[PDB]
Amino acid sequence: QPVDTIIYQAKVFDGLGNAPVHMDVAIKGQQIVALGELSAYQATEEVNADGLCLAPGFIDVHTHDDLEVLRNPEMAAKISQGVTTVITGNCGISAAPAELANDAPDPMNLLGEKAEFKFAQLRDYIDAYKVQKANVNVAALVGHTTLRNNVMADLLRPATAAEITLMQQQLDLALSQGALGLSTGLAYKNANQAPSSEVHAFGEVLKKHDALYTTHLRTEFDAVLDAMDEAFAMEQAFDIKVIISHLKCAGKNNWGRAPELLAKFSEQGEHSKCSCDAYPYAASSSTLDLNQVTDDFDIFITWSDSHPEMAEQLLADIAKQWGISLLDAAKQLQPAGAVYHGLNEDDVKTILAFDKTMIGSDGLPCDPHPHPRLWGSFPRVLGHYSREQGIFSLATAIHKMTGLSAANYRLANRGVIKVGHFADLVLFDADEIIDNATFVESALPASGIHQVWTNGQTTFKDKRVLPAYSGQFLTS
């Protein structure tokens, strides 16, 4: 009857949005084994959490960490924020099941270089993960654009009916091997010509596996509401769980339209289970897209293969030095990465406050000067938006990165501090927790996190990332 660890006298948040409770938490093996008051229990290790808070480990529902978790199993960018589980395979791109011919078509470079895609089937990817495991648990979506690339040489078109049949069987096999569902990125060049009927062709497979559908909307600018109708039609037709990724209304035309996005959820019809996620910043980030170049707001170049000397500079400054328009400068900078300061802060606050919204970092792990969301998202929610701005309580903030997310993705026995659940846990100081990553110094680690456990083993303690490698692959 001894346990490995008891955490004494933390302010414990259960992850369900309830008021915190002062009590002790016992860990043995991978599991939370006792809650309440455990001075009469025998523990090898005793942690004094007086004055601190304990919460379930944070679940990053929107990552591009597919290959990063193999390259970098310590996962400092996420672990130092309190993240214990990552959801991979978003916006239509995944590491598996993928077989590459010529190149990795865009946006697969967000994941890694062509040579890294060594996983013809999902089980190859799970095998690779299990060589070292990682400091985070992994749950994987299958990317629709990745599936298209397996069967299409020319991506600038709808898939044929026969190519769709192949993709249906590839998704079915991947789901049987453990994938959670399918993601799309319908705004990207290499998926934009997929009609809604092509996406609908996956619905029966998803429904048969009780699997998920996540989507980067076909547009997030003027016609964003039309794009949301597309996502709801998947829920209407198949009664499956749908999640809209990084909800936003982008572009100067659309600042102030966040209430329209919220109200659009009233058009779901029969089922009302569509969810969404967001990152806590008023700026987006992706490979430089000529269609988004504007003088309406700041655009910052993060990398450029053509002109690396212009990295970490404002597009308007680059254009002035070069003596040409912003659009012509962008043409010469490609291929390049950018941070677009194209969102409105009041819109962001409304979308974060929305009770359907989970927290997702959308961190880009191959970016050499990344958007700071890669390193600051979850402490920014707890410290900036909860404590400082007062948009919501700490209990609400925690719920939106733990229990809400485990429920929506059906992650068994995670996201909640309850006896019998896994001991993914974060110990932190509520008054000091804060993001330090800025747009200029975008990899500064957060403050206020004292200790992190993944499946009962310490992966972070007193500013040290620790290679416990106790994460697991979470199969459906």
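Note that residue numbering follows the sequence shown and begins at 1.
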TODO: Pick between 93-101 and 357-365: the one whose mean CA B-factor in the entry is higher.
DONE: 93-101
TODO: Read off the CA B-factors in the entry, average them over 234-242 and over 80-88, and name the higher stretch.
DONE: 234-242
Task: Out of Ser176, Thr350, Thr184, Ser377, residue topping the C-alpha B-factor column of the entry - done: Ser176
Open item on the list: Among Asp296, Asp277, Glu74, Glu220, where is the Cα B factor highest in this entry?
Closed with: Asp296
Open item on the list: Using only modelled residues of the chain, where does the Cα B factor of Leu171 rank: lowest third, middle third or highest third?
Closed with: middle
Task: CA B-factor ranking of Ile398, expressed as a third of its chain - done: middle
- [ ] Could you say whether, by C-alpha temperature factor, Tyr469 belongs to the lowest, middle or highest third of its chain?
- [x] middle
Open item on the list: Quick check on the deposited entry: does the C-alpha B-factor of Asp60 sit in the lowest, middle or highest third of its chain?
Closed with: lowest
- [ ] Could you look up the Cα B-factor of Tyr213 in the entry and say which third of the chain it sits in: lowest, middle or highest?
- [x] lowest
